[PDB]
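Heads up: the structure comes next, in structure tokens.
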Amino acid sequence: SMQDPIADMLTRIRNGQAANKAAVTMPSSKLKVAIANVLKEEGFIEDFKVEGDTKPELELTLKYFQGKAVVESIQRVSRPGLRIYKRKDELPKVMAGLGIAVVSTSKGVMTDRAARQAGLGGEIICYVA
Amino acid sequence: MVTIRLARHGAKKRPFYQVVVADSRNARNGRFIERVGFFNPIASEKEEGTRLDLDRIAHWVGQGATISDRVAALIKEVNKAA
Amino acid sequence: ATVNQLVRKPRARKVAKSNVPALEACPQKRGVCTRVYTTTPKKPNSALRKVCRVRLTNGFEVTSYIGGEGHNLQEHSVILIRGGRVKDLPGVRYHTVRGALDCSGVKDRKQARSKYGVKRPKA
Amino acid sequence: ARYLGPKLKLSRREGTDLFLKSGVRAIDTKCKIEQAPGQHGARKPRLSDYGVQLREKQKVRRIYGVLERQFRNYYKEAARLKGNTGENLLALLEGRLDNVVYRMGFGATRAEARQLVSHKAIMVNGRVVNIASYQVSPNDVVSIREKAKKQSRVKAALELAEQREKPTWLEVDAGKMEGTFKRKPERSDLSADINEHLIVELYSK
Amino acid sequence: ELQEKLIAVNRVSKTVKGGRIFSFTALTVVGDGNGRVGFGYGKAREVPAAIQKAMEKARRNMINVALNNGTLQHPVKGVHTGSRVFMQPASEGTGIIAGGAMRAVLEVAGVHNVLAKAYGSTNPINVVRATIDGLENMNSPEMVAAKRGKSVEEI
Amino acid sequence: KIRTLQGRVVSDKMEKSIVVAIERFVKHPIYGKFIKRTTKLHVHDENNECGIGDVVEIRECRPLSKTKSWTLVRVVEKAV
RNA sequence: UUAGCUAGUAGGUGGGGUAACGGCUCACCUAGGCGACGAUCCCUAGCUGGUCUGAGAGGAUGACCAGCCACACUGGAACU
RNA sequence: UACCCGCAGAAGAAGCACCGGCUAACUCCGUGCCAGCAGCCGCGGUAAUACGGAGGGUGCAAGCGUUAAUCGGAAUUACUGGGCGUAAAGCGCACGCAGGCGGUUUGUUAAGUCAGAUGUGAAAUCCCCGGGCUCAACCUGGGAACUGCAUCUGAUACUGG
Ligand SMILES: [Mg+2]
Ligand SMILES: [Mg+2]
Ligand SMILES: [Mg+2]
Ligand SMILES: [Mg+2]
Ligand SMILES: [Mg+2]
Ligand SMILES: [Mg+2]
Ligand SMILES: [Mg+2]
Ligand SMILES: [Mg+2]
Ligand SMILES: [Mg+2]
Ligand SMILES: [Mg+2]
Ligand SMILES: [Mg+2]
Ligand SMILES: [Mg+2]
Ligand SMILES: [Mg+2]
Ligand SMILES: [Mg+2]
Ligand SMILES: [Mg+2]
Ligand SMILES: [Mg+2]
Ligand SMILES: [Mg+2]
Ligand SMILES: [Mg+2]
Ligand SMILES: [Mg+2]
Ligand SMILES: [Mg+2]
Ligand SMILES: [Mg+2]
Ligand SMILES: [Mg+2]
Ligand SMILES: [Mg+2]
């Protein structure tokens, strides 16, 4: 079943990028929007849009640099089957710092760098590079 | 009772004493309460040789702790040069 | 493979099986020669290999190799045994220590004398 | 605990002069330096990667007269110390008293210098030191003690030292028969034909 | 300038009417020492002809690797057939600590500081293919800056 | 300064006593998954006010029997 | 290739008991208590700081030193 | 006793394994599927660098080999870090209790999670910078570390109620 909506969003991005698709649409959620924000603010996607009221649909405009997709790798870390939580000092850095780790902290969803600056820890949602 | 004495460490023919606060019944190099100094009788007399935390030693005597004849003499020696 | 499957049934570490069980984690074992004979080896080899049936101090009855050219060994000889199979002799999983107990060293050896219990020749 | 056999054999195997002789003579006049020892010396060794690594380590060991146990402990220490392991290894060897006695010119060879140390003819800061492996620190004064100053060996060795390049990291007074280990030698002060990375390689596999 | 090293030589066999025909294979790597690597694979009835054919093929088929002052940008994974490869940027004065097939690629590419490991099959041809491809897909802080439209403050 | 524990009443069919289960999520020391872990405690309930299913607050005290060293503080929630 | 275990058993009341709380014990009352988050049964074993190995995570281990426990020919028992 | 001085003379002090590939080190003679070697592949029927001796060589050295033993290499129990069409591996198929996991919104809670503070985590050991034995081993000062546990006060994004 649809037990992991977050891994689905990442897979929709991953497959869309591989299929040279201009955009990817999926059923929306606050958490999907919070991740979409971090992806846009770090230049992994162009822009995101939430259409509808009763059945919200999140659309993400994919980014393509030159002959290639911007998102090289996008993997789910913490998942329903095994939750990954890290302390401020244990926070992981993707590509030795050249990539981002989406962390869910007490003060919201942000990058590994952001949480490190804010002295926070949390659930490691995904790795993006 | 609680006593302030020396635990023989160092090596064969080169002893190094550790001033310890302990229950007199425990073994010399065994179970102790507090490390309160050290004594090197093979010290080259140039830089250190005998160091004692006299503030903690007096705290323990003030609580009923006895002191060995060697440790008592080392307190006399440290109260004669410094 | 599942995290849930490993929580229920953890990763099972294989127990190592010894090729020298009669030694019972001892560098050597002492025993008495039950039979002192020769055996022919496996494909592609051919010879009359010197072997002995030895009853050890721990009760184990094993077959042991008698290395080197020539030996004084017979039934009731008290010998020392060490690990080491003989590849073309199936069942032969031990070696007799030459130059220990009732086992003599190899006669007139000059090279690798330590391995055959031969003392330094006077010269 | 010391190599006592023929010395030029070691130079012949390594294919370079290891300074195992005083230097009075040209190495070629004393041995067939370009040929390996024994019956199969003219044989060209198509040496393996392991073989080239081993031969570099043996060469360096044979120069300083260090056996495997002490040398492998020199590596362990070179690695533990901060900085370049390869460089640290050469500095530890170069800091040895027997080596310092040779480098100052008190001994014709490192073996002669080692005998001077063992035979209680060498002092470090006015105190007698007879350990060949003694680690000499910067600003230390190594001197031929008064009773050994008369020795013809020492006078003859300082003469041969004049014919060798002068070590930048040492200050020797030939008349007094005393020298000062100013500082540790830099990598640029030591031989370029020593490929210490092969030794660092050999001990890491 | 061009640094070239032979990795492996093997004796292969083809069967005909009148028995086996033995040929030789040579696997080689060439590099500038400043981020350019190419591998070559030659086949010939004699060893020198094969090592030669390999070097020719290695000189062309060269690629560019985005080095970071003698080391890698980030830890990288390489894969080819049965060979899985892992490479990590190490500190200054550590050297190349890797197996023969990976060490030759890293030497001639000019990677002076590496911690490497080959997993699975250690077949030299697929190990060097996995290493080269790993170094190839390795991206620079400038490349990730260009992609993201942010620059170059990845701190 | 009042150390306290919270759990639901598993048994109430005991004169002036109750069995309370304290449930917690624990990270697996090897496989990292968060596993459910229960602690059953024999608790003193004078007057027998706690009923089966009720969420209760308990505190550690001196031994009251061979299996009881805990006593009731308050009934947090009652009757599902 | 052990699935059920439990009568001082689990809890209550009162008397006794201990230096001390307590089924520690006794009388009476209630019918509980434990267990698939592994009880019961069977096999093995002193525990730790640490030790060895390993890049780590692990693996293996518990001589010497130090801490805790247990034992003193075997089984039982108290006396001071 | 340490240590220092004097005496006499190179005098009293070198062995062990290996040399076919892996693996640094090659020849002759003897033997002839024998005698024998062998960690693994494998050597031995007339040119055997593989047996045995010799000469030469390589590696270690007051030790050197052999056997035993733990971990490593072994991503070969794979948490980090594996797999199941044909190589070992999808139960013959379904239903389904326990269990695991669970769409989306708001409020609430604060168990998991995250943050800070405090206590504790013996000393020795390990590590770092020093000091002392002629050096070293060894001894030793101070620090770092003990990645843990607990309590209290907060945070509320995610998980749970
Ligand atoms: Mg020695
Ligand atoms: Mg394989
Ligand atoms: Mg009572
Ligand atoms: Mg026992
Ligand atoms: Mg003893
Ligand atoms: Mg003990
Ligand atoms: Mg007792
Ligand atoms: Mg008794
Ligand atoms: Mg060779
Ligand atoms: Mg042999
Ligand atoms: Mg012949
Ligand atoms: Mg072994
Ligand atoms: Mg493993
Ligand atoms: Mg597999
Ligand atoms: Mg088919
Ligand atoms: Mg099959
Ligand atoms: Mg099927
Ligand atoms: Mg609120
Ligand atoms: Mg400690
Ligand atoms: Mg010192
Ligand atoms: Mg210390
Ligand atoms: Mg300290
Ligand atoms: Mg919720």
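In the structure tokens, chains take letters A, B, ... by order of appearance, with residues numbered from 1 within each chain and ligands from 1 in the order shown.
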What do you get as a PDB file with N, CA and C atoms (P, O5', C5', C4', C3', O3' and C1' of nucleotides), in the first residue's frame if you pick all residues at most 7 Å from ligand 9, counting only C-alpha atoms (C1' of nucleotides) and all ligand atoms?
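Resulting contents of part.pdb:
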```pdb
ATOM      1  P     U H  23      52.631 -12.797  -3.088  1.00  0.00           P
ATOM      2  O5'   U H  23      54.169 -13.056  -3.463  1.00  0.00           O
ATOM      3  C5'   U H  23      55.192 -12.242  -2.896  1.00  0.00           C
ATOM      4  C4'   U H  23      56.520 -12.990  -2.823  1.00  0.00           C
ATOM      5  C3'   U H  23      56.881 -13.860  -4.042  1.00  0.00           C
ATOM      6  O3'   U H  23      58.303 -13.751  -4.330  1.00  0.00           O
ATOM      7  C1'   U H  23      56.794 -15.190  -2.079  1.00  0.00           C
ATOM      8  P     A H  24      58.909 -12.505  -5.144  1.00  0.00           P
ATOM      9  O5'   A H  24      59.854 -11.844  -4.025  1.00  0.00           O
ATOM     10  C5'   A H  24      60.893 -10.936  -4.372  1.00  0.00           C
ATOM     11  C4'   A H  24      62.082 -11.091  -3.435  1.00  0.00           C
ATOM     12  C3'   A H  24      62.931 -12.317  -3.686  1.00  0.00           C
ATOM     13  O3'   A H  24      63.915 -12.031  -4.650  1.00  0.00           O
ATOM     14  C1'   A H  24      62.429 -12.164  -1.382  1.00  0.00           C
ATOM     15  P     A H  25      63.895 -12.762  -6.074  1.00  0.00           P
ATOM     16  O5'   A H  25      65.065 -13.843  -5.956  1.00  0.00           O
ATOM     17  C5'   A H  25      66.385 -13.476  -5.551  1.00  0.00           C
ATOM     18  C4'   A H  25      67.040 -14.623  -4.794  1.00  0.00           C
ATOM     19  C3'   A H  25      66.841 -16.012  -5.413  1.00  0.00           C
ATOM     20  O3'   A H  25      67.894 -16.327  -6.336  1.00  0.00           O
ATOM     21  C1'   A H  25      66.262 -16.054  -3.101  1.00  0.00           C
TER      22        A H  25
END
```
Per-residue nearest contacts chain C to chain F, cut-off 9 Å, using only C-alpha atoms, as a tab-separated table:
```
residue	atom	partner	partner_atom	distance
C:3	CA	F:31	CA	6.4
C:4	CA	F:33	CA	7.8
C:6	CA	F:31	CA	7.4
C:7	CA	F:31	CA	6.9
```
Any chance you could export the current selection's N, CA and C atoms as a PDB file, in the first residue's frame?
```
ATOM      1  N   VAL C   3      14.582  -5.730   8.318  1.00  0.00           N
ATOM      2  CA  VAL C   3      15.009  -5.218   9.620  1.00  0.00           C
ATOM      3  C   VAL C   3      14.183  -5.941  10.691  1.00  0.00           C
ATOM      4  N   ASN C   4      12.869  -6.093  10.432  1.00  0.00           N
ATOM      5  CA  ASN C   4      11.916  -6.804  11.280  1.00  0.00           C
ATOM      6  C   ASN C   4      12.270  -8.295  11.411  1.00  0.00           C
ATOM      7  N   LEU C   6      15.349  -9.589  11.074  1.00  0.00           N
ATOM      8  CA  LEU C   6      16.592  -9.670  11.848  1.00  0.00           C
ATOM      9  C   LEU C   6      16.383  -9.410  13.367  1.00  0.00           C
ATOM     10  N   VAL C   7      15.331  -8.656  13.732  1.00  0.00           N
ATOM     11  CA  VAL C   7      14.948  -8.354  15.113  1.00  0.00           C
ATOM     12  C   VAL C   7      14.417  -9.648  15.742  1.00  0.00           C
TER      13      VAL C   7
END
```
Test item: residues no farther than 8 Å from ligand 13, counting only C-alpha atoms (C1' of nucleotides) and all ligand atoms, as a PDB file with C-alpha atoms (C1' of nucleotides), in the first residue's frame:
```
ATOM      1  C1'   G G  58      31.627  -5.456  14.808  1.00  0.00           C
ATOM      2  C1'   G G  59      34.113 -10.265  16.177  1.00  0.00           C
TER       3        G G  59
ATOM      4  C1'   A H  74      35.906 -12.663   4.575  1.00  0.00           C
ATOM      5  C1'   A H  75      30.849  -7.310   1.703  1.00  0.00           C
ATOM      6  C1'   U H  76      31.921 -15.433   3.419  1.00  0.00           C
ATOM      7  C1'   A H  78      26.163  -8.177   4.766  1.00  0.00           C
TER       8        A H  78
END
```
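Those residues in range 23-61 of chain C carrying a DSSP assignment of strand (DSSP E), computed from the backbone, are residues 28, 29, 30, 31, 32, 33, 34, 35, 36, 37, 38, 39, 49, 50, 51, 52, 53, 54, 55, 56 and 61 of chain C.
From CA of residue 122 in chain A back to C1' of residue 159 in chain H, the distance works out to 11.4 Å.
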| Which neighbours of residue 29 in chain C fall inside 7 Å, counting only C-alpha atoms (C1' of nucleotides), when residues of the same chain fewer than 2 positions from it are skipped, and could you give them as JSON, numbers by chain? | {"C": [23, 26, 31, 56, 80, 81, 82]}
Find the spatial neighbours of range 70-76 of chain A, counting only C-alpha atoms (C1' of nucleotides), within a cut-off of 7 Å - ignore same-chain residues fewer than 5 positions away - and output them as a compact mmCIF listing (two decimals) with N, CA, C and O atoms, in the first residue's frame.
```txt
# COMPACT_ATOMS: atom_id res chain seq x y z
N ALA A 7 8.68 8.70 0.37
CA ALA A 7 9.51 7.94 -0.56
C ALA A 7 8.92 7.98 -1.96
O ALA A 7 9.66 7.95 -2.94
N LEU A 10 9.88 11.40 -3.57
CA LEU A 10 11.28 11.29 -3.99
C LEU A 10 11.41 10.45 -5.26
O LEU A 10 12.17 10.83 -6.15
N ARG A 14 12.75 11.42 -8.84
CA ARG A 14 13.80 10.55 -9.40
C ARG A 14 13.44 10.01 -10.79
O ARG A 14 14.27 10.08 -11.71
N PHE A 44 17.25 22.61 -6.18
CA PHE A 44 17.11 21.25 -6.71
C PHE A 44 15.89 21.15 -7.63
O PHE A 44 15.87 20.30 -8.53
N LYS A 63 14.23 20.72 -12.55
CA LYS A 63 15.38 21.50 -13.00
C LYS A 63 16.36 20.65 -13.82
O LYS A 63 16.72 19.54 -13.41
N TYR A 64 16.78 21.19 -14.97
CA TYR A 64 17.72 20.57 -15.92
C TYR A 64 18.81 21.59 -16.24
O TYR A 64 18.49 22.69 -16.68
N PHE A 65 20.07 21.24 -15.94
CA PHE A 65 21.17 22.17 -16.21
C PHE A 65 21.59 22.08 -17.68
O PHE A 65 20.97 22.75 -18.51
N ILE A 125 15.05 12.70 6.92
CA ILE A 125 14.08 12.36 5.88
C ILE A 125 14.73 11.72 4.64
O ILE A 125 14.35 10.61 4.25
N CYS A 126 15.70 12.43 4.02
CA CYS A 126 16.35 12.02 2.79
C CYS A 126 17.71 12.69 2.56
O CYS A 126 18.07 13.62 3.27
N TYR A 127 18.43 12.21 1.53
CA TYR A 127 19.71 12.72 1.05
C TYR A 127 19.46 13.15 -0.40
O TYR A 127 18.88 12.37 -1.17
N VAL A 128 19.84 14.39 -0.76
CA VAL A 128 19.68 14.95 -2.11
C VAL A 128 21.01 15.51 -2.60
O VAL A 128 21.67 16.26 -1.87
N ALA A 129 21.42 15.14 -3.83
CA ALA A 129 22.67 15.60 -4.45
C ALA A 129 22.58 15.76 -5.99
O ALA A 129 21.58 15.29 -6.58
N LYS E 147 24.70 23.94 -11.20
CA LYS E 147 23.43 23.19 -11.20
C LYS E 147 22.36 23.87 -10.36
O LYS E 147 21.22 24.01 -10.81
```
| field | Secondary structure check, helix (DSSP H, G or I) residues of range 76-143 of chain E, as a VMD selection string | value | chain E and resid 100 to 109 124 to 136 141 to 143
| said: At a cut-off of 10 Å around ligand 17, and using only C-alpha atoms (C1' of nucleotides) and all ligand atoms, what residues come up? Please write them as JSON, numbers by chain. | reply: {"H": [90, 91, 92, 93]}
Write out as a PDB file with N, CA and C atoms, in the first residue's frame each polymer residue whose atoms come within 12 Å of residue 19 in chain A, counting only C-alpha atoms (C1' of nucleotides); drop sequence neighbours fewer than 4 positions from it.
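Heads up, here's the output in selection-v6.pdb:
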```
ATOM      1  N   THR A  11      10.647   9.335  -5.347  1.00  0.00           N
ATOM      2  CA  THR A  11      10.626   8.405  -6.480  1.00  0.00           C
ATOM      3  C   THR A  11       9.967   9.074  -7.694  1.00  0.00           C
ATOM      4  N   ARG A  12       8.924   9.890  -7.454  1.00  0.00           N
ATOM      5  CA  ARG A  12       8.242  10.642  -8.506  1.00  0.00           C
ATOM      6  C   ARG A  12       9.224  11.655  -9.117  1.00  0.00           C
ATOM      7  N   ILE A  13      10.026  12.328  -8.258  1.00  0.00           N
ATOM      8  CA  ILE A  13      11.088  13.252  -8.662  1.00  0.00           C
ATOM      9  C   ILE A  13      12.154  12.468  -9.455  1.00  0.00           C
ATOM     10  N   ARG A  14      12.749  11.418  -8.839  1.00  0.00           N
ATOM     11  CA  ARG A  14      13.795  10.552  -9.404  1.00  0.00           C
ATOM     12  C   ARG A  14      13.439  10.013 -10.792  1.00  0.00           C
ATOM     13  N   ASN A  15      12.213   9.474 -10.942  1.00  0.00           N
ATOM     14  CA  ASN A  15      11.731   8.890 -12.192  1.00  0.00           C
ATOM     15  C   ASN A  15      11.404   9.930 -13.242  1.00  0.00           C
ATOM     16  N   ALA A  23       7.671  18.557 -15.437  1.00  0.00           N
ATOM     17  CA  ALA A  23       7.120  18.609 -14.080  1.00  0.00           C
ATOM     18  C   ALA A  23       6.604  17.243 -13.583  1.00  0.00           C
ATOM     19  N   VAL A  24       6.395  17.145 -12.261  1.00  0.00           N
ATOM     20  CA  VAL A  24       5.856  15.967 -11.585  1.00  0.00           C
ATOM     21  C   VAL A  24       4.723  16.393 -10.634  1.00  0.00           C
ATOM     22  N   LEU A  62      10.604  20.542 -12.389  1.00  0.00           N
ATOM     23  CA  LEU A  62      11.938  19.968 -12.350  1.00  0.00           C
ATOM     24  C   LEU A  62      12.973  20.883 -12.975  1.00  0.00           C
ATOM     25  N   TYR A  64      16.781  21.185 -14.974  1.00  0.00           N
ATOM     26  CA  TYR A  64      17.719  20.571 -15.917  1.00  0.00           C
ATOM     27  C   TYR A  64      18.806  21.586 -16.235  1.00  0.00           C
ATOM     28  N   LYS A  68      21.645  17.296 -18.577  1.00  0.00           N
ATOM     29  CA  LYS A  68      21.452  16.527 -17.346  1.00  0.00           C
ATOM     30  C   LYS A  68      20.415  17.135 -16.412  1.00  0.00           C
ATOM     31  N   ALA A  69      19.848  16.283 -15.547  1.00  0.00           N
ATOM     32  CA  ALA A  69      18.905  16.642 -14.500  1.00  0.00           C
ATOM     33  C   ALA A  69      19.726  17.126 -13.309  1.00  0.00           C
TER      34      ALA A  69
END
```
| Leaving out residue 67 in chain H and any residue of its chain fewer than 2 positions from it, which residues lie within 8 Å of it when counting only C-alpha atoms (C1' of nucleotides), given as an NGL selection string? | :C and (27-28 or 82-84)
Selection to disk with C-alpha atoms, as a JSON list (two decimals), in the first residue's frame:
```
[["chain", "number", "residue", "atom", "x", "y", "z"],
["C", 27, "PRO", "CA", 49.89, -27.82, 20.41],
["C", 28, "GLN", "CA", 50.73, -31.57, 20.65],
["C", 82, "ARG", "CA", 51.04, -32.42, 16.02],
["C", 83, "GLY", "CA", 48.50, -31.06, 13.54],
["C", 84, "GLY", "CA", 48.91, -31.26, 9.79]]
```
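In this comparison, which uses only C-alpha atoms (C1' of nucleotides), the residue of B:25, B:80, B:2, B:49 approaching chain H most closely is B:49.
Using only C-alpha atoms (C1' of nucleotides), the protein and nucleic acid residues lying no more than 12 Å from residue 36 in chain G, apart from those fewer than 5 places from it along its own chain, are residues 8 of chain C; 3 and 4 of chain G; 98 and 99 of chain H.
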For those residues, write N, CA and C atoms (P, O5', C5', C4', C3', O3' and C1' of nucleotides) to a file as a PDB file, in the first residue's frame.
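The result, stored in out-v2.pdb:
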```
ATOM      1  N   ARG C   8      13.617 -10.411  14.962  1.00  0.00           N
ATOM      2  CA  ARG C   8      13.043 -11.702  15.361  1.00  0.00           C
ATOM      3  C   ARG C   8      14.138 -12.785  15.402  1.00  0.00           C
TER       4      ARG C   8
ATOM      5  P     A G   3       6.991 -27.880  23.634  1.00  0.00           P
ATOM      6  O5'   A G   3       6.661 -26.785  24.761  1.00  0.00           O
ATOM      7  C5'   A G   3       6.008 -27.159  25.982  1.00  0.00           C
ATOM      8  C4'   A G   3       4.832 -26.239  26.283  1.00  0.00           C
ATOM      9  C3'   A G   3       3.747 -26.142  25.190  1.00  0.00           C
ATOM     10  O3'   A G   3       2.482 -26.043  25.819  1.00  0.00           O
ATOM     11  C1'   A G   3       4.455 -24.003  25.770  1.00  0.00           C
ATOM     12  P     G G   4       1.532 -27.302  26.080  1.00  0.00           P
ATOM     13  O5'   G G   4       0.489 -26.690  27.133  1.00  0.00           O
ATOM     14  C5'   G G   4       0.732 -26.790  28.560  1.00  0.00           C
ATOM     15  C4'   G G   4       1.971 -26.011  28.974  1.00  0.00           C
ATOM     16  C3'   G G   4       2.108 -25.740  30.456  1.00  0.00           C
ATOM     17  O3'   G G   4       2.617 -26.869  31.131  1.00  0.00           O
ATOM     18  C1'   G G   4       2.524 -23.749  29.296  1.00  0.00           C
TER      19        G G   4
ATOM     20  P     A H  98      -5.361  -9.446  15.520  1.00  0.00           P
ATOM     21  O5'   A H  98      -4.020  -9.859  16.316  1.00  0.00           O
ATOM     22  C5'   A H  98      -4.085 -10.321  17.681  1.00  0.00           C
ATOM     23  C4'   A H  98      -2.764 -10.918  18.125  1.00  0.00           C
ATOM     24  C3'   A H  98      -1.554 -10.033  17.925  1.00  0.00           C
ATOM     25  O3'   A H  98      -1.457  -9.072  18.950  1.00  0.00           O
ATOM     26  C1'   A H  98      -1.038 -12.190  17.161  1.00  0.00           C
ATOM     27  P     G H  99      -1.172  -7.540  18.588  1.00  0.00           P
ATOM     28  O5'   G H  99       0.215  -7.604  17.780  1.00  0.00           O
ATOM     29  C5'   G H  99       1.426  -7.917  18.448  1.00  0.00           C
ATOM     30  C4'   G H  99       2.546  -8.136  17.450  1.00  0.00           C
ATOM     31  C3'   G H  99       2.834  -6.955  16.555  1.00  0.00           C
ATOM     32  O3'   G H  99       3.652  -6.004  17.225  1.00  0.00           O
ATOM     33  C1'   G H  99       2.697  -8.876  15.223  1.00  0.00           C
TER      34        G H  99
END
```
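Pocket residues of ligand 14, taken as those with any atom at most 12 Å away using only C-alpha atoms (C1' of nucleotides) and all ligand atoms, are residues 82, 119, 120 and 121 of chain E; 74, 75, 76, 77, 78, 81, 82, 83, 84, 87, 88 and 89 of chain H.
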| task | With a cut-off of 12 Å and counting only C-alpha atoms, select all residues of chain A in contact with chain C and give the selection as a PyMOL selection string. | result | chain A and resi 79-83
Selection above as a file: N, CA and C atoms, as a short mmCIF file (atom, residue, chain, number, x, y, z; two decimals), in the first residue's frame:
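Saved to out_1.cif:
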```cif
data_model
loop_
_atom_site.label_atom_id
_atom_site.label_comp_id
_atom_site.auth_asym_id
_atom_site.auth_seq_id
_atom_site.Cartn_x
_atom_site.Cartn_y
_atom_site.Cartn_z
N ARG A 79 12.43 5.83 7.28
CA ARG A 79 11.29 5.22 6.59
C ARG A 79 10.36 4.55 7.61
N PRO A 80 9.08 4.25 7.26
CA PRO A 80 8.18 3.61 8.23
C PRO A 80 8.70 2.31 8.86
N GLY A 81 9.44 1.53 8.08
CA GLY A 81 10.03 0.27 8.52
C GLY A 81 11.22 0.40 9.46
N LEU A 82 11.91 1.56 9.45
CA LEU A 82 13.08 1.87 10.28
C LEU A 82 13.33 3.38 10.29
N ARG A 83 13.05 4.00 11.45
CA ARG A 83 13.18 5.44 11.68
C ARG A 83 14.60 5.83 12.07
#
```
| request: Could you please tell me, as a ChimeraX atom specification, which residues of chain F have an atom within 10 Å of chain H when using only C-alpha atoms (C1' of nucleotides)? | output: /F:1,3,6,22-32,34-36
Please save N, CA and C atoms of the selected residues as a PDB file, in the first residue's frame.
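To be explicit, this is the file written out as selection.pdb:
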```pdb
ATOM      1  N   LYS F   1      10.095  17.710  43.711  1.00  0.00           N
ATOM      2  CA  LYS F   1      10.900  16.488  43.625  1.00  0.00           C
ATOM      3  C   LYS F   1      10.010  15.222  43.773  1.00  0.00           C
ATOM      4  N   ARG F   3       9.504  11.805  41.408  1.00  0.00           N
ATOM      5  CA  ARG F   3       9.710  10.852  40.310  1.00  0.00           C
ATOM      6  C   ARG F   3       8.419  10.026  40.193  1.00  0.00           C
ATOM      7  N   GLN F   6       3.854   6.375  34.356  1.00  0.00           N
ATOM      8  CA  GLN F   6       2.506   6.311  33.788  1.00  0.00           C
ATOM      9  C   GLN F   6       2.286   5.057  32.931  1.00  0.00           C
ATOM     10  N   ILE F  22       3.738  -0.416  31.975  1.00  0.00           N
ATOM     11  CA  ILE F  22       4.398   0.798  31.480  1.00  0.00           C
ATOM     12  C   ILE F  22       4.986   0.447  30.098  1.00  0.00           C
ATOM     13  N   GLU F  23       4.420   0.996  29.017  1.00  0.00           N
ATOM     14  CA  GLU F  23       4.937   0.762  27.667  1.00  0.00           C
ATOM     15  C   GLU F  23       5.815   1.912  27.151  1.00  0.00           C
ATOM     16  N   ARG F  24       6.903   1.567  26.442  1.00  0.00           N
ATOM     17  CA  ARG F  24       7.864   2.536  25.890  1.00  0.00           C
ATOM     18  C   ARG F  24       8.412   2.101  24.506  1.00  0.00           C
ATOM     19  N   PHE F  25       8.912   3.052  23.707  1.00  0.00           N
ATOM     20  CA  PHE F  25       9.545   2.690  22.433  1.00  0.00           C
ATOM     21  C   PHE F  25      11.051   2.754  22.650  1.00  0.00           C
ATOM     22  N   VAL F  26      11.768   1.689  22.264  1.00  0.00           N
ATOM     23  CA  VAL F  26      13.215   1.607  22.459  1.00  0.00           C
ATOM     24  C   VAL F  26      13.942   1.321  21.131  1.00  0.00           C
ATOM     25  N   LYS F  27      15.024   2.057  20.868  1.00  0.00           N
ATOM     26  CA  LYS F  27      15.831   1.818  19.681  1.00  0.00           C
ATOM     27  C   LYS F  27      16.561   0.486  19.874  1.00  0.00           C
ATOM     28  N   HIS F  28      16.428  -0.420  18.896  1.00  0.00           N
ATOM     29  CA  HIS F  28      17.097  -1.716  18.899  1.00  0.00           C
ATOM     30  C   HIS F  28      18.617  -1.472  18.896  1.00  0.00           C
ATOM     31  N   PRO F  29      19.358  -2.080  19.849  1.00  0.00           N
ATOM     32  CA  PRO F  29      20.812  -1.832  19.938  1.00  0.00           C
ATOM     33  C   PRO F  29      21.648  -2.240  18.728  1.00  0.00           C
ATOM     34  N   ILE F  30      21.110  -3.124  17.861  1.00  0.00           N
ATOM     35  CA  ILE F  30      21.814  -3.599  16.672  1.00  0.00           C
ATOM     36  C   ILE F  30      21.212  -3.063  15.370  1.00  0.00           C
ATOM     37  N   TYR F  31      19.900  -3.293  15.179  1.00  0.00           N
ATOM     38  CA  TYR F  31      19.182  -3.030  13.940  1.00  0.00           C
ATOM     39  C   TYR F  31      18.438  -1.698  13.868  1.00  0.00           C
ATOM     40  N   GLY F  32      18.620  -0.838  14.869  1.00  0.00           N
ATOM     41  CA  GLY F  32      18.080   0.519  14.917  1.00  0.00           C
ATOM     42  C   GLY F  32      16.579   0.749  14.897  1.00  0.00           C
ATOM     43  N   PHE F  34      12.695   0.929  16.182  1.00  0.00           N
ATOM     44  CA  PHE F  34      12.083   1.282  17.458  1.00  0.00           C
ATOM     45  C   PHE F  34      11.057   0.237  17.779  1.00  0.00           C
ATOM     46  N   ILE F  35      11.343  -0.514  18.844  1.00  0.00           N
ATOM     47  CA  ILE F  35      10.584  -1.654  19.329  1.00  0.00           C
ATOM     48  C   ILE F  35       9.755  -1.303  20.570  1.00  0.00           C
ATOM     49  N   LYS F  36       8.524  -1.842  20.650  1.00  0.00           N
ATOM     50  CA  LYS F  36       7.636  -1.661  21.800  1.00  0.00           C
ATOM     51  C   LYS F  36       8.157  -2.555  22.953  1.00  0.00           C
TER      52      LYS F  36
END
```
